[PDB]
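Asks: Take this structure first; my questions come after.
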Amino acid sequence: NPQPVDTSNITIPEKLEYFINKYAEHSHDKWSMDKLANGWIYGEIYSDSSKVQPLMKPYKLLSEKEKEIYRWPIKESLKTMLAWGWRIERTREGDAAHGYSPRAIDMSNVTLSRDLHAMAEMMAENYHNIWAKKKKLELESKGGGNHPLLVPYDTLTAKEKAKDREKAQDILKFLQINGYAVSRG
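Read in order, the letters of the sequence shown are residues 2703 to 2797, 2818 to 2907 in PDB author numbering.
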């Protein structure tokens, strides 16, 4: 049986509010640096055959409504992170074409730490078990049939886990780039 967690009952920390904005900015820099080897730009007509997208909006010009693309994936990264009682502590300090060109890096060139990996794979299993209730939310109450993703955990293929386990490693990586202590005790 898929075992859900309660996310939306905890209040957002104000001490991590500098982290949320800076990580949403750096997530825009990473996401567009996956698009700056090619050159995707904002456009008015959403006809993707001309390789133009209606999402390539800069981070420095967000309203309080277009931040929903940048807020709603990231705020779920904290509501289940502090669910097992594991808190976040502090460490020492840590830091051709044009367009919105970042002086930033990606999220595949740093290594993970030893107090981090058990949290990382526990959060990956937790994402597998909350998206299992999300797939019980979309196409089983409208009129469809059953869906065969009710298997035990250690057998299901990982091509459906690509947006699930590779979101569980960068959310603790920017805690190391900003210098936040991860601790299981």
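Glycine is no exception: its CB is placed at the ideal position from the N, C-alpha and C atoms.
(1) Nearest CA to the CA of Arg2794: which residue from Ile2899, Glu2716, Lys2732 and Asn2740?
(2) Would you report the Cα separation of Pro2760 and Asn2703, rounded to the nearest angstrom?
(3) State yes or no: is the C-beta of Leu2780 within less than 9 Å of the C-beta of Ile2852?
(4) Is the beta carbon of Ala2726 sitting closer than 9 Å to the one on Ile2776?
(5) Decide if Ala2739 is buried, meaning its Cβ has at least 16 other Cβ atoms within 10 Å, or exposed.
(6) Could you tell me the boundaries of the alpha helix (DSSP H) in which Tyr2725 lies?
(7) Is the region 2888-2907 close to the region 2831-2847, with three or more CB pairs under 8 Å?
(8) Would you kindly work out how many angstroms separate the C-alpha atoms of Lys2717 and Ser2765, rounded to a whole number?
(9) Please state the DSSP three-state secondary structure of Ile2790.
(10) Which of the three DSSP states is assigned to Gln2898 in this structure?
(11) Per DSSP, which one or two residues make a beta bridge with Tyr2744?
(12) State the start and end residues of the unbroken alpha helix (DSSP H) segment that holds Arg2887.
(13) Tell me the residue span of the alpha helix (DSSP H) that contains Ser2779.
(14) Nearest by alpha-carbon distance to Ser2729: which of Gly2745, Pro2706, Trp2774 and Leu2838 is it?
(15) From which residue to which residue does the alpha helix (DSSP H) around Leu2859 run?
(16) Output needed for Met2829: all residues of its chain with C-beta closer than 7 Å, excluding positions within five of it in sequence on either side, in chain order.
(17) Determine the closest residue to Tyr2744 out of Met2758, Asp2750 and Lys2737, with distance taken between C-alpha atoms.
Replies: So, from the listed chains and residues:
(1) Answer by Cα proximity: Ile2899.
(2) Approximately 42 Å between the Cα atoms of the pair.
(3) Not a contact, by the Cβ cut-off of 9 Å.
(4) The answer is yes: Cβ separation under 9 Å.
(5) When all chains shown are included, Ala2739 counts as exposed.
(6) Its alpha helix (DSSP H) spans residues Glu2719 to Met2735.
(7) Flag = yes, the region 2888-2907 and the region 2831-2847 touch.
(8) Approximately 22 Å, taken between the alpha carbons.
(9) DSSP places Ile2790 in the strand class (E or B) of the three-state scheme.
(10) Collapsing the DSSP output to three states places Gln2898 in a helix.
(11) BP columns for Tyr2744 point to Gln2755.
(12) Counting along the chain, the alpha helix (DSSP H) containing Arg2887 begins and ends at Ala2884 to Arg2887.
(13) Residue range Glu2778 to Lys2781 is occupied by the alpha helix (DSSP H) that includes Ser2779.
(14) If we check each option's Cα against that of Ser2729, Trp2774 comes out closest.
(15) Its alpha helix (DSSP H) spans residues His2839 to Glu2860.
(16) A distance below 7 Å between beta-carbons, with the five flanking residues on each side excluded, links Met2829 to the following residues of its chain, in chain order: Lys2732, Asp2892 and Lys2895.
(17) Out of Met2758, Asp2750 and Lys2737, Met2758 has the C-alpha closest to the C-alpha of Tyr2744.
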